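The structure appears below as structure tokens.
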2 protein chains.
Amino acid sequence: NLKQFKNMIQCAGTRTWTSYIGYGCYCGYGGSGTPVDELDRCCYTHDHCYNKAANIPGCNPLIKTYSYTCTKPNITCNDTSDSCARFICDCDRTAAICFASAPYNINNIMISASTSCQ
Amino acid sequence: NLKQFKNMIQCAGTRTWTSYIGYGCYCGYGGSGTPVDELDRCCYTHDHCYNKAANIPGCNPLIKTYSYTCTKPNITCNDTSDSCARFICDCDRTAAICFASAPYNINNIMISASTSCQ
Ligand SMILES: [Cl-]
Ligand SMILES: [Cl-]
């Protein structure tokens with residue numbers, strides 16, 4: 001679920017979830033336009049991943065509790081049988097690692113209302 | 001913000017927000033397909049409202065705190081000057097009221113993976 005995604009974020013990276021709350025055109029709730037950079041691209045993919053999760057029976061991306069472990073900075077998704085669980089854990093793990101590896105452009109914090117996200 | 005929306009939900013209606021965590025094709029996170037009914041259309045509109053809220057400077061739908069009052073079952077949005085606050089409070093008030101007046105088809109709970117939402 002979301003609380004797990006937040007912990008995965010700090011597991012895999014140096015920045016916590018709050019630094020992404022309002023980044024670019026896609027980090028944080030919804031969004032539109034072209035993802036401004038790699039990081040934004042990360043959030044763009046994650047949004048879609050969550051959308052697809054809904055296409056799975058009894059699967060809610062924000063409340064679904066999955067199984068995972070953190071051996072800082074390593075994240076491991078343990079689910080195999082529970083498809084919904086494995087799918088969402090993958091979404092989050094992917095995003096968490098993506099966030100960690102991508103550069104954070106302070107120039108792109110707060111642009112969702114600018115030409116950039118049109 | 002989201003916490004204010006939850007309270008608005010039980011202010012205006014009988015059912016609380018948990019009642020709308022996994023309903024139709026659009027209640028809850030994201031969604032796709034055709035809203036199956038009135039209630040689902042309520043959620044469909046809200047989602048769009050939130051994602052339009054981003055096109056406002058310093059406006060994040062999930063964390064922006066606005067001014068509102070609840071005189072059960074009446075919700076009043078107080079903001080005039082703070083455009084972001086005013087716009088978002090409206091999104092939430094509209095949804096909250098829409099949820100209250102719309103019928104709750106239990107038959108439409110858990111269908112996001114079915115043919116209904118494609
Ligand atoms: Cl398993
Ligand atoms: Cl005011």
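Here's how to read the names in the structure tokens: chain A, B, ... by the order shown, residue numbers from 1 in each chain, ligand numbers from 1 in the order shown.
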Can you provide chain B as a PDB file with C-alpha atoms, in the first residue's frame, superposed onto chain A by least squares across all C-alpha atoms matched in order?
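Result written to superposed38.pdb:
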```pdb
ATOM      1  CA  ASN B   1      -0.019   0.060  -0.065  1.00  0.00           C
ATOM      2  CA  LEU B   2       0.896   3.752   0.028  1.00  0.00           C
ATOM      3  CA  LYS B   3       2.603   3.501   3.437  1.00  0.00           C
ATOM      4  CA  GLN B   4       4.794   0.671   2.136  1.00  0.00           C
ATOM      5  CA  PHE B   5       5.672   2.752  -0.944  1.00  0.00           C
ATOM      6  CA  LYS B   6       6.781   5.639   1.258  1.00  0.00           C
ATOM      7  CA  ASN B   7       9.167   3.391   3.200  1.00  0.00           C
ATOM      8  CA  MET B   8      10.420   1.811  -0.033  1.00  0.00           C
ATOM      9  CA  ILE B   9      11.233   5.347  -1.177  1.00  0.00           C
ATOM     10  CA  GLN B  10      13.604   6.056   1.701  1.00  0.00           C
ATOM     11  CA  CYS B  11      14.843   2.461   1.683  1.00  0.00           C
ATOM     12  CA  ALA B  12      16.242   2.790  -1.826  1.00  0.00           C
ATOM     13  CA  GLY B  13      17.066   6.479  -1.870  1.00  0.00           C
ATOM     14  CA  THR B  14      18.351   9.446   0.093  1.00  0.00           C
ATOM     15  CA  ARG B  15      15.262  11.623  -0.343  1.00  0.00           C
ATOM     16  CA  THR B  16      11.997  10.623   1.319  1.00  0.00           C
ATOM     17  CA  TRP B  17       8.504  10.695  -0.194  1.00  0.00           C
ATOM     18  CA  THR B  18       7.739  14.274   0.865  1.00  0.00           C
ATOM     19  CA  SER B  19      10.467  15.185  -1.609  1.00  0.00           C
ATOM     20  CA  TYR B  20       8.139  13.899  -4.333  1.00  0.00           C
ATOM     21  CA  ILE B  21       4.837  15.475  -3.294  1.00  0.00           C
ATOM     22  CA  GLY B  22       4.992  18.374  -5.738  1.00  0.00           C
ATOM     23  CA  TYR B  23       7.553  17.619  -8.419  1.00  0.00           C
ATOM     24  CA  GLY B  24       7.338  17.984 -12.192  1.00  0.00           C
ATOM     25  CA  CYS B  25       4.124  17.289 -14.106  1.00  0.00           C
ATOM     26  CA  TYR B  26       3.448  13.815 -12.685  1.00  0.00           C
ATOM     27  CA  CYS B  27       4.912  13.344  -9.199  1.00  0.00           C
ATOM     28  CA  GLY B  28       2.185  13.533  -6.612  1.00  0.00           C
ATOM     29  CA  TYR B  29      -1.465  13.364  -7.615  1.00  0.00           C
ATOM     30  CA  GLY B  30      -2.465  12.810 -11.233  1.00  0.00           C
ATOM     31  CA  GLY B  31      -0.778  15.065 -13.743  1.00  0.00           C
ATOM     32  CA  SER B  32      -0.747  16.080 -17.402  1.00  0.00           C
ATOM     33  CA  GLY B  33       1.609  17.155 -20.157  1.00  0.00           C
ATOM     34  CA  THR B  34       5.030  15.752 -20.932  1.00  0.00           C
ATOM     35  CA  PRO B  35       7.114  14.499 -18.007  1.00  0.00           C
ATOM     36  CA  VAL B  36       9.798  17.206 -17.789  1.00  0.00           C
ATOM     37  CA  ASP B  37      12.633  14.866 -16.838  1.00  0.00           C
ATOM     38  CA  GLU B  38      13.874  11.434 -15.773  1.00  0.00           C
ATOM     39  CA  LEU B  39      12.408  11.707 -12.291  1.00  0.00           C
ATOM     40  CA  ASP B  40       9.097  13.021 -13.623  1.00  0.00           C
ATOM     41  CA  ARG B  41       9.081  10.083 -16.038  1.00  0.00           C
ATOM     42  CA  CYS B  42       9.559   7.820 -13.024  1.00  0.00           C
ATOM     43  CA  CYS B  43       6.353   9.256 -11.555  1.00  0.00           C
ATOM     44  CA  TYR B  44       4.604   9.083 -14.927  1.00  0.00           C
ATOM     45  CA  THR B  45       5.254   5.326 -15.129  1.00  0.00           C
ATOM     46  CA  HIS B  46       4.231   4.705 -11.516  1.00  0.00           C
ATOM     47  CA  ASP B  47       0.922   6.430 -12.001  1.00  0.00           C
ATOM     48  CA  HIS B  48       0.146   4.263 -14.994  1.00  0.00           C
ATOM     49  CA  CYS B  49       1.187   1.173 -13.058  1.00  0.00           C
ATOM     50  CA  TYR B  50      -1.235   1.986 -10.262  1.00  0.00           C
ATOM     51  CA  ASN B  51      -4.081   2.631 -12.633  1.00  0.00           C
ATOM     52  CA  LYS B  52      -3.289  -0.711 -14.346  1.00  0.00           C
ATOM     53  CA  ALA B  53      -3.377  -2.388 -10.938  1.00  0.00           C
ATOM     54  CA  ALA B  54      -7.145  -1.802 -10.929  1.00  0.00           C
ATOM     55  CA  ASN B  55      -7.568  -4.188 -13.828  1.00  0.00           C
ATOM     56  CA  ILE B  56      -6.684  -6.939 -11.282  1.00  0.00           C
ATOM     57  CA  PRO B  57      -9.483  -8.491  -9.146  1.00  0.00           C
ATOM     58  CA  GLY B  58      -9.702  -7.202  -5.578  1.00  0.00           C
ATOM     59  CA  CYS B  59      -6.746  -4.916  -6.184  1.00  0.00           C
ATOM     60  CA  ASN B  60      -6.667  -1.326  -4.855  1.00  0.00           C
ATOM     61  CA  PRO B  61      -3.150   0.220  -5.182  1.00  0.00           C
ATOM     62  CA  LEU B  62      -3.462   2.506  -2.198  1.00  0.00           C
ATOM     63  CA  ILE B  63      -4.669   0.047   0.422  1.00  0.00           C
ATOM     64  CA  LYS B  64      -3.455  -3.380  -0.722  1.00  0.00           C
ATOM     65  CA  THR B  65      -0.771  -4.580   1.691  1.00  0.00           C
ATOM     66  CA  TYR B  66       1.969  -6.690   0.118  1.00  0.00           C
ATOM     67  CA  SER B  67       5.056  -8.540   1.344  1.00  0.00           C
ATOM     68  CA  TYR B  68       8.429  -6.897   0.936  1.00  0.00           C
ATOM     69  CA  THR B  69      11.706  -6.510   2.791  1.00  0.00           C
ATOM     70  CA  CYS B  70      14.182  -3.646   2.995  1.00  0.00           C
ATOM     71  CA  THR B  71      17.892  -4.315   3.448  1.00  0.00           C
ATOM     72  CA  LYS B  72      18.842  -0.684   2.925  1.00  0.00           C
ATOM     73  CA  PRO B  73      19.108   0.189   0.130  1.00  0.00           C
ATOM     74  CA  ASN B  74      17.777  -3.094  -1.308  1.00  0.00           C
ATOM     75  CA  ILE B  75      14.046  -3.727  -1.731  1.00  0.00           C
ATOM     76  CA  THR B  76      12.707  -7.242  -2.246  1.00  0.00           C
ATOM     77  CA  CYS B  77       9.147  -8.113  -3.251  1.00  0.00           C
ATOM     78  CA  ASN B  78       8.215 -11.479  -1.697  1.00  0.00           C
ATOM     79  CA  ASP B  79       4.870 -12.262  -3.334  1.00  0.00           C
ATOM     80  CA  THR B  80       4.483 -14.852  -6.062  1.00  0.00           C
ATOM     81  CA  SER B  81       1.018 -16.351  -5.595  1.00  0.00           C
ATOM     82  CA  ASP B  82      -0.852 -13.149  -4.710  1.00  0.00           C
ATOM     83  CA  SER B  83      -0.774 -11.563  -8.177  1.00  0.00           C
ATOM     84  CA  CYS B  84      -2.226  -8.248  -7.009  1.00  0.00           C
ATOM     85  CA  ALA B  85       0.341  -8.039  -4.225  1.00  0.00           C
ATOM     86  CA  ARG B  86       3.182  -8.974  -6.590  1.00  0.00           C
ATOM     87  CA  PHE B  87       2.173  -6.517  -9.335  1.00  0.00           C
ATOM     88  CA  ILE B  88       1.763  -3.565  -6.976  1.00  0.00           C
ATOM     89  CA  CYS B  89       4.932  -4.261  -4.988  1.00  0.00           C
ATOM     90  CA  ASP B  90       6.700  -4.187  -8.346  1.00  0.00           C
ATOM     91  CA  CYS B  91       5.101  -0.864  -9.254  1.00  0.00           C
ATOM     92  CA  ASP B  92       6.350   0.634  -5.979  1.00  0.00           C
ATOM     93  CA  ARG B  93       9.801  -0.991  -6.066  1.00  0.00           C
ATOM     94  CA  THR B  94      10.350   0.182  -9.637  1.00  0.00           C
ATOM     95  CA  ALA B  95       9.361   3.723  -8.701  1.00  0.00           C
ATOM     96  CA  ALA B  96      11.424   3.748  -5.499  1.00  0.00           C
ATOM     97  CA  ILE B  97      14.545   2.618  -7.384  1.00  0.00           C
ATOM     98  CA  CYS B  98      13.819   4.974 -10.300  1.00  0.00           C
ATOM     99  CA  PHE B  99      13.584   7.914  -7.862  1.00  0.00           C
ATOM    100  CA  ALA B 100      16.899   6.983  -6.254  1.00  0.00           C
ATOM    101  CA  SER B 101      18.877   6.809  -9.498  1.00  0.00           C
ATOM    102  CA  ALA B 102      17.283   9.845 -11.166  1.00  0.00           C
ATOM    103  CA  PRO B 103      18.616  13.377 -10.602  1.00  0.00           C
ATOM    104  CA  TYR B 104      16.501  15.793  -8.567  1.00  0.00           C
ATOM    105  CA  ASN B 105      16.211  19.071 -10.491  1.00  0.00           C
ATOM    106  CA  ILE B 106      15.050  21.647  -7.934  1.00  0.00           C
ATOM    107  CA  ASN B 107      14.288  23.797 -10.947  1.00  0.00           C
ATOM    108  CA  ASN B 108      11.451  21.361 -11.704  1.00  0.00           C
ATOM    109  CA  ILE B 109       9.673  21.620  -8.371  1.00  0.00           C
ATOM    110  CA  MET B 110       6.394  23.527  -8.715  1.00  0.00           C
ATOM    111  CA  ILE B 111       5.923  23.763 -12.498  1.00  0.00           C
ATOM    112  CA  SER B 112       2.440  21.954 -12.941  1.00  0.00           C
ATOM    113  CA  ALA B 113       0.774  25.266 -13.501  1.00  0.00           C
ATOM    114  CA  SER B 114       3.523  26.615 -15.775  1.00  0.00           C
ATOM    115  CA  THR B 115       3.871  26.289 -19.546  1.00  0.00           C
ATOM    116  CA  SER B 116       5.910  23.106 -18.922  1.00  0.00           C
ATOM    117  CA  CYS B 117       2.933  20.918 -18.047  1.00  0.00           C
ATOM    118  CA  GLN B 118       0.618  22.985 -20.282  1.00  0.00           C
TER     119      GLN B 118
END
```
Among chain A, which ones does DSSP place in strand (DSSP E), written as a PyMOL selection string? chain A and resi 68-71+74-77
Please return as a PyMOL selection string: the residues of region 47-78 of chain A that backbone DSSP assigns to alpha helix (DSSP H). chain A and resi 47-53
For the selection you just gave me, I'd like the residues written to a file as a short mmCIF file (atom, residue, chain, number, x, y, z; two decimals), in the first residue's frame, keeping N, CA and C atoms.
```cif
data_model
loop_
_atom_site.label_atom_id
_atom_site.label_comp_id
_atom_site.auth_asym_id
_atom_site.auth_seq_id
_atom_site.Cartn_x
_atom_site.Cartn_y
_atom_site.Cartn_z
N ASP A 47 2.33 6.17 -12.03
CA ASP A 47 0.89 6.51 -12.08
C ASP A 47 0.14 5.51 -12.93
N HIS A 48 0.73 5.18 -14.04
CA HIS A 48 0.10 4.25 -14.96
C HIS A 48 0.07 2.86 -14.36
N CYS A 49 1.13 2.50 -13.65
CA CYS A 49 1.23 1.19 -13.02
C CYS A 49 0.07 1.02 -12.05
N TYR A 50 -0.20 2.07 -11.30
CA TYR A 50 -1.30 2.04 -10.34
C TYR A 50 -2.64 1.93 -11.05
N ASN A 51 -2.76 2.59 -12.20
CA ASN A 51 -4.00 2.53 -12.97
C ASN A 51 -4.27 1.10 -13.40
N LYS A 52 -3.22 0.42 -13.87
CA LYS A 52 -3.33 -0.96 -14.33
C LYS A 52 -3.61 -1.92 -13.18
N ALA A 53 -3.11 -1.59 -11.99
CA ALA A 53 -3.33 -2.44 -10.83
C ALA A 53 -4.83 -2.64 -10.62
#
```
